[PDB]
Amino acid sequence: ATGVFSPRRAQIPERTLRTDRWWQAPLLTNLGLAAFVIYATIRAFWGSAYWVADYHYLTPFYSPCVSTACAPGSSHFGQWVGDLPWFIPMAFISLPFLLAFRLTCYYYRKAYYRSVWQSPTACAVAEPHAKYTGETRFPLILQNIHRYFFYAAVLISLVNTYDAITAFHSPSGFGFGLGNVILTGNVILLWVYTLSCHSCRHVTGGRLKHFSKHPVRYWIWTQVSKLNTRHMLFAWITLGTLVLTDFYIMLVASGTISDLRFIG
Amino acid sequence: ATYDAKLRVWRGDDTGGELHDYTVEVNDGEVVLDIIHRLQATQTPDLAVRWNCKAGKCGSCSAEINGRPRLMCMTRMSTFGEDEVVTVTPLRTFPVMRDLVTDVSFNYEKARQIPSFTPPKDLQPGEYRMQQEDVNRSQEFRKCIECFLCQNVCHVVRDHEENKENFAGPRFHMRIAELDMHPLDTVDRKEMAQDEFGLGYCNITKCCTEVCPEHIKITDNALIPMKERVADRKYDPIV
Amino acid sequence: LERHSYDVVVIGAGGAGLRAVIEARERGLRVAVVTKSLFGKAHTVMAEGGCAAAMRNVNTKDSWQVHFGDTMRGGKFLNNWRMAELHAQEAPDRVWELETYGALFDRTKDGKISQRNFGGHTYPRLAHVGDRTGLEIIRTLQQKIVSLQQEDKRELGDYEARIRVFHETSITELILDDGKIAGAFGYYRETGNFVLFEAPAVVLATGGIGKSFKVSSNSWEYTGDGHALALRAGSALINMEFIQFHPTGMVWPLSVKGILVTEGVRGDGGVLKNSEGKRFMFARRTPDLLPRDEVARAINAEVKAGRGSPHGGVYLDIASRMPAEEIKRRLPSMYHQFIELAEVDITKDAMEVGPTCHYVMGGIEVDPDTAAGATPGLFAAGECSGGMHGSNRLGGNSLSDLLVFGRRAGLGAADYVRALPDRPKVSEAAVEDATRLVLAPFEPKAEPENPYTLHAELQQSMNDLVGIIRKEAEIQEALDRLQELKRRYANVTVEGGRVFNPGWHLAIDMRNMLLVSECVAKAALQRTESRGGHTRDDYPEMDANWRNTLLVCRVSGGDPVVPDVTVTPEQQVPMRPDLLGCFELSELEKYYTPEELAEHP
Ligand SMILES: Cc1cc2nc3c(=O)[nH]c(=O)nc-3n(C[C@H](O)[C@H](O)[C@H](O)COP(=O)(O)OP(=O)(O)OC[C@H]3O[C@@H](n4cnc5c(N)ncnc54)[C@H](O)[C@@H]3O)c2cc1C
Ligand SMILES: CCCCCCCCCCCCCCCCCC(=O)O[C@@H](COC(=O)CCCCCCCCCCCCCCC)COP(=O)(O)OCCN
Ligand SMILES: COC1=C(OC)C(=O)C(CC=C(C)C)=C(C)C1=O
Ligand code: SF4
Ligand code: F3S
Ligand code: FES
Ligand code: FES
């Protein structure tokens, strides 16, 4: 055949000789990704139960809310575009950019190249593909623009930070109600994930040659590298925290007590 | 706990081969290479091995110990149960010479295509000055004992023989990164890393870094930074 | 069968061999590089210390005079003084030019090469990177070779126009024309096919002899080749009785069987080394690293008369000592390495340490300025060379020795080749003889001998009877059973073919190992005094006069394992003005006879 069944390579007629469960991690990746995608799509297109008027709670999945069909008070940057027809999500400004940012992420590329595309399914298991070009041809060569989605993600993180800051509200001014805790934790973890990005590491000081003549960027690069060593973990953690933030906010909007600390 | 283990060592040459069942005595604290040496001295005098130091620190004893690319002199052999069969085969990416020895010459052919270190052509040998923080990144890559396990496991060339001439492999793209991050080097190499050594073939599934006996962060510290630099040079609309 | 023509052949790619190749190419020569292992995988990779070079980066009070005195002290003034002086004053240049090749050492605050302190050096001298200095050196040299052949490709249109590397190739004979080098004969490991090189000059640089001993830190390739090659070609060996043994090396767990254990571990709880007794008979110091001859004698006695280990060593327990976390901090690398490699917990269980062969200070008798050879165009450098370290080596001196004298050997070979009227010619009869000799182990040979069994018996005999402590009767018994062992070697039968057959390779290496073992045993029997690495129990009085005597080994005759004669020549008049004054009369009167008469003002 092609890869390990080539004429000059040692005659082993077994696809792999591994005796462990090398297929366990791809399954976990696939179920996690599928669960997040399903939940995110359904909740983003639901179109309701996303805003608490009393405590100014807004789901990140609806965060830039720029339509006149939106709940009163949800538009923090004005109302720009009419009414949406059942297939434009209320957060159509940011959802494409966040989806592209996580689709071009270096970690996520590893995850789905292993899991969906079976590029390596596992490390020493032979491919179900006969030809392979990698990221050299037209579709996959576009993964090299990830830094621009990183810039967009920085802007969207600023928008979410504004949302979290304005969430500290009560019907009598200032308020603190565990929705603030969930939102603030989610925003902090999103910032950690955004700042542990491989493109951030390159842009800050990764592309420099002499760290000795750039003391500030050397320090920034050192801290960003320390964060980047845990980049796999922060992606999954932020997926989870996004899901829980949405779920809690939806529960409160539909109906449930907020567990306020400064009652309003 | 001295017991008799079941090995399933691969025997043959480039014309064909087969796994063979051997029973060898295993003592506590022995590596796979010790078991191979005992088998050589007791049952198979002509078994092909190619070890040199037996302490790590070289790359001679690269094999696939139970489906995983390992060093034979570093595999603890207590990783496996006493009733578990251990299957030792040669590297499956390179042409097989004999039983456990492969023709690792694609690597030495790739080694002399990469431009070498080029210092400024005025600096005298005693007049070099480098700070430690300027050399840490390349010093990490200089830890590489040329075992070529990374080259073996990579799917770009492991599963595709036609990609051998277009892709240099993890070790030599790491070498390009090491020369690029040298504070005193002069040559750029960024364009050639993409155009002649095929950095684009690399998807970053990271199975290399996972086989490195030296624990070099090949993908995170060398390959992704070089891809970002190539994107600086080629794929950045800010021009 | 396969013939190549070159100007010089360097048999071995380590520090010395690669430096010689670079130098010979610089002088302008076609160089063939023959290596028994893969390219860049020589024993040099295993060194973890540094290069001793008086660069003065750390403190500026260092000089080549101080380094020269340190080398002469560590060696008990048995050193070749010209070689020591030349290494002292040429070492910084080689280290500096290493980093013009792309080497990256550790740096100081000023941006210079960092230097560490070591045992026998007065000042910090050892240029280092982590603990991988040998790997850095060999990588730098190999990449410099690749760069040079890239230049050859650009200018002459061929990578191997001036330098070609023949890895996985083993040289078994040196061909002579009229007592002069005419070429080298060997085989390819991969195919078993025979290759003849036809160069008028050969640089040996083949390493050590550590595979003749049961416990050793040396590589698979340290079978004494080079020593035997020069000895059969007609050169001479010196100081073969001077072998470095570390008294404390792991013996039982095969995964760690030659790893050296430093005396820093004994800077804590020491060797219980018995079943029920701490047997060193014990601020009045604990018996912590007494002059390691005394520790070695205690270990030998307790192996013979005492509770020895099943593997022939001692225990050295640190578990029943300072707490587990204190150990894991004081001993970072050793604990991790041992736990991951031998499943031995340093904080829980005792070790299995014992004497281990590390380095051989003897080798081919060289000209100090040029390289070796008496009659032929033969040259030698590195561990296979003899003379620099007299009775004992300083740590760090070997790595810089490699560069200094590899460059000297390459330059001497280039000078010899340029000063040559006509080139010596290989004769076909010699090639037929070498072919017959290397093919002999394939015939049935009634009463067959297994190569592995013979090798193990040789290793056991050398470990038992030629060790740290030598006795006259044990050395005599070692010679007596070496005669029997070399008689049994005539019946060695190899099963299989010629395609990368390691049993055949071992059978070939065994003749060199037997010759080198005979030389070592005879030298150790003849030197009746103790100095450095050579300890005689029946002559404990270190440093007899016995200092202007080299005790040179030569071949007499009778194949296929020739016998040796060891003679006693005098050394050259000690030191011309290398009688510094920091070399006081007080210090020199402990090593020299009242022969100076030309030292004090
Ligand atoms: C474990 C260990 C640790 C050490 N640590 C230190 C240290 O910290 N500091 C220090 O100063 N010194 C150290 N030394 C000693 C030092 O490394 C050696 O003296 C030095 O490496 C010798 O180098 P070389 O170039 O002479 O030979 P090497 O590089 O060891 O090898 C010689 C070459 O010759 C080739 N060869 C041999 N026989 C043949 C043949 N028949 N045909 C073809 N080719 C052949 C071999 O394949 C090899 O390539 C250490 C030694 C050991 C074993
Ligand atoms: C947290 C939320 C985010 C989670 C998202 C995870 C879900 C990801 C699952 C989808 C990605 C799986 C596809 C990965 C492989 C894509 C197929 C491919 O490799 O393209 C081949 C060809 O197939 C195609 O044409 C691809 C068409 C569909 C791909 C479109 C999107 C997939 C990945 C795009 C990444 C985004 C880059 C663009 C920036 C917006 C070319 O590969 P080759 O080695 O066989 O070379 C042969 C050359 N002819
Ligand atoms: C393989 O051919 C292609 C390129 O290289 C010539 C590109 O740069 C690009 C542009 C891609 C980026 C990331 C600028 C595309 C789309 C392409 O198909
Ligand atoms: S990189 Fe790590 S794995 Fe690849 S060769 Fe060098 S050491 Fe072996
Ligand atoms: S496994 Fe090989 S394909 Fe790339 S990410 Fe590592 S070099
Ligand atoms: S590389 Fe993963 S978010 Fe940027
Ligand atoms: S034998 Fe040198 S690396 Fe295992």
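The basis for the numbers below is simple: all heavy atoms, side chains too, and nothing from hydrogens, waters or symmetry mates. Chain letters run A, B, ... following the sequence lines, proteins first and then strands; every chain starts at 1.
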- Query: For the candidates B:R142, B:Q113, B:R98, which exhibits the highest count of non-hydrogen atom pairs separated by less than 4.5 Å from chain C?
  - Reply: B:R142
- Query: Side chain, backbone, both or neither: which part of C:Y101 has an atom under 4.5 Å from a heavy atom of chain B?
  - Reply: backbone
- Query: Does a side-chain heavy-atom distance below 4.5 Å link C:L135 with B:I145?
  - Reply: yes
- Under the ring-ring contact (aromatic ring centres under 6.0 Å, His included) test, which residues partner C:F500, sequence neighbours left out? C:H505
- Task: Quick one: which of C:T140, C:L506, C:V494 has the most heavy-atom pairs under 4.5 Å with chain B, could you say?
- Result: C:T140
- Determine which residues belonging to residues 152-167 of chain C lie within contact range of chain B, meaning some heavy atom pair is under 4.5 Å apart, and list them by number or answer 'none'. C:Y159, C:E160
- Query: Given that the side chain runs from C-beta out, which part of C:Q150 has a heavy atom under 4.5 Å from chain B: side chain, backbone, both or neither?
  - Reply: side chain
- Note on the structure: When the 4.5 angstrom heavy-atom criterion is applied to C:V499 and chain B, the contacting part is both
- Looking only at C:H455, C:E168, C:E48, C:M55, most heavy-atom pairs under 4.5 Å shared with chain B are made by C:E48
- Query: Under a 4.5 Å heavy-atom cut-off, does chain B meet the side chain of C:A456, its backbone, both or neither?
  - Reply: neither
- Query: Under the 3.5 angstrom rule, does the side chain of C:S255 hit a backbone N or O of B:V31 as a donor-acceptor pair?
  - Reply: no
- Contact origin within C:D93 toward chain B - heavy atom pairs under 4.5 Å: neither
- Message: With a 4.5 Å cut-off on side-chain heavy atoms, are C:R107 and B:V135 touching?
- Response: yes
- Query: C:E136 versus chain B, heavy atoms under 4.5 Å apart: side chain, backbone, both or neither?
  - Reply: both
- Item | Backbone N/O of C:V45 and side chain of B:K57: donor-acceptor pair under 3.5 Å | no
- Give the member of C:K36, C:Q142, C:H43 that has the highest number of heavy-atom pairs under 4.5 Å with chain B. C:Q142
- Who among C:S147, C:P502, C:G496 has the most heavy-atom pairs with chain B under 4.5 Å? C:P502
- Message: Can you confirm whether B:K217 is buried at NZ, in the sense that more than 12 heavy atoms of other residues, nucleotides or ligands lie under 6.0 Å from that atom?
- Response: no
- Query: So, do B:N52 and C:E221 sit near enough that their side-chain heavy atoms are less than 4.5 Å apart?
  - Reply: yes
- Out of curiosity, B:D28 CG to C:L254 CG, how far, rounded to the nearest 0.5 Å? 11.5 Å
- Query: Taking only residues two or more places apart in sequence, or in another chain, which ones meet B:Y3 in a ring-ring contact (aromatic ring centres under 6.0 Å, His included)?
  - Reply: none
- B:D185 versus chain C, the contacting section by heavy-atom distance below 4.5 Å: neither
- Query: Are any side-chain N or O atoms of B:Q139 and backbone N or O atoms of C:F105, one a donor and one an acceptor, separated by less than 3.5 Å?
  - Reply: yes
- Message: Are more than 12 heavy atoms, taken from residues, nucleotides or ligands other than C:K348, located less than 6.0 Å from that residue's NZ atom?
- Response: no
- Measure the OG1-CE distance between C:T108 and B:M130 for me, rounded to the nearest 0.5 Å. 11.0 Å
- Query: Which residues pass the ring-ring contact (aromatic ring centres under 6.0 Å, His included) test with B:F197, sequence neighbours left out?
  - Reply: none
- Message: Is any side-chain heavy atom of C:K257 closer than 4.5 Å to one of B:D34?
- Response: no
- Message: I want to check something: taking the side chain as every heavy atom from C-beta on, are B:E178 and C:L104 in contact at a cut-off of under 4.5 Å?
- Response: yes
- Item | 4.5 Å side-chain heavy-atom contact, B:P45 and C:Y452 | yes
- Of C:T191, C:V146, C:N450, the largest count of non-hydrogen pairs under 4.5 angstrom with chain B goes to C:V146
- Interface check, chain B: of C:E495, C:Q143, C:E151, most non-hydrogen pairs under 4.5 Å belong to C:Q143
- Item | Reported NZ-to-CH2 distance for the pair C:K41 and B:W51, which is rounded to 0.5 angstrom | 15.0 Å
- Keeping the roles fixed (side chain from B:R76, backbone from C:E340), state whether a donor-acceptor pair exists under 3.5 Å. yes
- Quick one: which of B:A111, B:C144, B:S116 has the most heavy-atom pairs under 4.5 Å with chain C, could you say? B:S116
- Flag side-chain contact, heavy atom, 4.5 Å: B:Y108 against C:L38: yes
- Relative to chain C, which of B:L179, B:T44, B:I114, B:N136 shows the most heavy atom pairs under 4.5 Å? B:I114
- Message: I'd like to check C:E190 versus B:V101 (side-chain heavy atoms, cut-off strictly below 4.5 Å). Are they in contact?
- Response: no
